[PDB]
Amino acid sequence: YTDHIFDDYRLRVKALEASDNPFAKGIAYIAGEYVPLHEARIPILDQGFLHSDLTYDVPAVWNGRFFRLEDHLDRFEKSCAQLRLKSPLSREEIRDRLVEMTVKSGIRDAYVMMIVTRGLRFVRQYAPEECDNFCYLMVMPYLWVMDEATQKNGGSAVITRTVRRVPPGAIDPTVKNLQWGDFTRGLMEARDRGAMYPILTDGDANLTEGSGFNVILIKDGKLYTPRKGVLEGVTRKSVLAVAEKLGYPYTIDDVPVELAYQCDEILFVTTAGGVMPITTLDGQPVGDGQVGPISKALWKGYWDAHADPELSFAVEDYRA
């Protein structure tokens, strides 16, 4: 079922790797300058580094079409407000520059980043309103949390037992952030236990999310995905809209840990890879150990949606 998109994608990557464009390996916007991604540098005094004082968002370009960029911009502006950050670049400026950098790079399948940091001033010495916040933009070749090869059979995960999710009353998980202390411990625990990915609990016997992805349990034809303690993922939104069209019931609510061990299918969903089936959990098969039919149908709907003119636009039909 992967050939549906990956045959065409592999052709586009071949063309990009053959390109002599100095931005084909990626492009960064830093202080009004476009720089090749691997030469791009930020000041070490940026509080985005010295206190991870930032928020970010990651839309994708697929076959030269941005997917749900307005949803990512909406969530980014919301995230900025929650942390009392104000982007020096307008929402409309960010959109214009992200499209320009995509065209300028020639990258047709892109992992895109918009970052706002506190700047050089910290919020102990200064009110947030007295801080001049920084904006960084990056466009790079599309990244896969789960690659084609792994998606064909599904990946492996564990419910972490050495680490639990940062609670929202400490750090708000609806505000996309790079304070991955728990997720990083999770990835190490997964490798220790011979699995690719962690699923973190809330420390109260419910599932939350993983290292850069939401979790969807499928049982008896119904989708179950955590409400609290997680990022409100754009991939999750897309997959649930596809589920609605196909007549699959879903609920965004508490997901008790027990349900992970009794379900038929598990999906991980994220911008960086899309729909990512999981067929091993804690060393045991998920259901029959096969990529399930509902996973396949949602995978197809998700990718088909990247041509939907209501949800996407082509990078050349765009005008500032």
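All residue numbers are counted from 1 along the displayed sequence.
When 4 to 12 is weighed against 311 to 319, 311 to 319 comes out higher, by mean CA B-factor as recorded in the entry.
Mean CA B-factor, 208 to 216 versus 85 to 93: the higher value falls on 85 to 93. Within the listed group 195, 115, 246, 170, the record reports its top CA B-factor for 246.
When the Cα B-factors of 64, 274, 26, 283 are read from the PDB record, 64 comes out highest. Sort the modelled residues of the chain by CA B factor and residue 54 lands in the lowest third. Split the chain's modelled residues into thirds by C-alpha temperature factor. Residue 161 is in the middle one.
Remark: residue 80 belongs to the lowest third of its chain, ranked by C-alpha B-factor as recorded.
Among the modelled residues of the chain, residue 98 sits in the highest third by CA temperature factor in this PDB entry.
Compared with the other modelled residues of the chain, the Cα B-factor recorded for residue 34 ranks in the highest third.
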